[PDB]
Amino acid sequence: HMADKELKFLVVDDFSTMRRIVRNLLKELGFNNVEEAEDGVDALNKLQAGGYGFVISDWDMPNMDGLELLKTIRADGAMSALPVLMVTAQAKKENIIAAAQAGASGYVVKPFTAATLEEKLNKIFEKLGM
C-alpha cells in the first residue's frame, strides 16, 4: 500500500474522544478513508473484512488490549506487515520496550500535538516506502 489519499486507516481506542482527534488529524493530512474500532476484537473484525493499510491503536482497552492487538496482527500471515502506530497514555520505558519488541511501527504518547502525529506518521511512511 501507498501513502496516497486512498490509504485506508483503522483507528482503535476505547474512548470516542481520542478516535475523533485522530480521525480529524488524518482528515487534515488528506486521508479521508478512515474507520474506527473500540477495542482489539472489534479491530480484528474490521481488519479481517479487508482493505486496510494502516492501524493506529490505543493500548489500554477492554476485550483485547492494544499490545495483544499488535501481537495478533504481527503473528497473522495475512497481515503481519500491516503498519501499527501505537498512540497511548502508557509512557513507561518498559511499555515502550514491550510494544517495540512486539513490532510497533511507531509509538506516540498521549497527550500529543498535531505536529507530533504528523511527523510520526511520516516517519513510518518513509521507513516503509509508502
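Throughout, we count residues from 1 along the sequence that is shown.
Mean CA temperature factor is higher for 74 to 82 when stretches 57 to 65 and 74 to 82 are set side by side in the entry. When the mean C-alpha temperature factors of 43 to 51 and 99 to 107 are read from the deposited coordinates, 43 to 51 comes out higher. Ranked by Cα temperature factor within the chain, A89 sits in the lowest third according to the deposited record. Placement of the Cα temperature factor of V12 within the chain: lowest third of the modelled residues, per the deposited record.
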